[PDB]
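Trainee: Shown below is the structure under consideration.
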Amino acid sequence: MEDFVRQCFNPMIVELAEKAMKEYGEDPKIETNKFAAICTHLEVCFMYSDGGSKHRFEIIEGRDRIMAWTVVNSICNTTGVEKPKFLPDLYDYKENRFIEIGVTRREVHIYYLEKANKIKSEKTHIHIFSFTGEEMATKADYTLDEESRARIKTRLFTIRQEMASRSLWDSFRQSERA
Ligand SMILES: O=c1ccn([C@@H]2O[C@H](COP(=O)(O)O)[C@@H](O)[C@H]2O)c(=O)[nH]1
Ligand SMILES: [Mn+2]
Ligand SMILES: [Mn+2]
């Protein structure tokens, strides 16, 4: 799985993922499924932000904490949008809302609920993707056009298929906890 990650995700993604794990005292070489999940989520966040019109989205995920909150507090001051308790993943300038993105190895509905329970904030939009084509978003509002989403869903299927071809999928699939 370590070899799979370093081979299928670009170096910037892999570097951010390693940083996040070490910030929690975890070793990417040991908790390899977590390593793959973090890379995957980062990749989805970056694809999502490219999926709109130019400049539609601000990326919050992937930034160090100081810069992330700088962006968030700057957006809140400028738009008067409510300040979230937790860093979200993106801001949508067109819809004037933050977005929390989830990628789940389980089922989209359960993950969506966990995310909602956690945010509790009324304003932040939630969008969940799975590795088997399914998605779920707040009030069935999927934000991007279906072509953009299809490309995200297809990339995730492609990752699943790759892990499976290497016998990594069984372990990976069963590694997400409530
Ligand atoms: O404190 C944290 C926050 C997030 N994550 C992981 O980073 C990825 C993205 O988190 P989120 O933006 O969906 O909350 C997920 O795999 C999640 O479990 C952590 O390990 N620790
Ligand atoms: Mn995040
Ligand atoms: Mn997220």
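Please read every residue number as a count from 1 along the shown chain.
Cβ atoms are placed via backbone N, Cα and C, with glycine included.
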Trainee: Among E18, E23, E61, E122, find me the residue Swiss-Prot lists at the same Mn(2+) 1 site as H41, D89, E100, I101.
Mentor: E61
Trainee: Can you check what DSSP calls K115 (active site), collapsed to helix, strand or coil?
Mentor: helix
Trainee: What is the total of other Cβ atoms whose distance to the Cβ of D89 (Mn(2+) 1 binding site) is within 10 Å?
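Mentor: I count 26 other Cβ atoms within 10 Å of it.
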Trainee: Which residue, out of the binding-site residues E61, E100, shows the minimum number of other Cβ atoms inside 10 Å of its Cβ in this structure?
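Mentor: Output over binding-site residues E61, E100: least Cβ neighbours within 10 Å is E61.
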Trainee: For Mn(2+) 1, what surrounds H41, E61, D89, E100, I101 with a Cβ no more than 8 Å from their Cβ centroid?
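Mentor: The surrounding set, listed in chain order, is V44, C45, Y48, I60, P88, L90, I99, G102.
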Trainee: Would you mind pulling the DSSP three-state label for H41 (Mn(2+) 1 binding site)?
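Mentor: SS state of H41 (Mn(2+) 1 binding site) = helix.
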Trainee: Across the linker (51-53), what are the DSSP residue counts per state (helix, strand, coil)?
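Mentor: Going through the linker (51-53) residue by residue, I get 0 helix, 0 strand, 3 coil.
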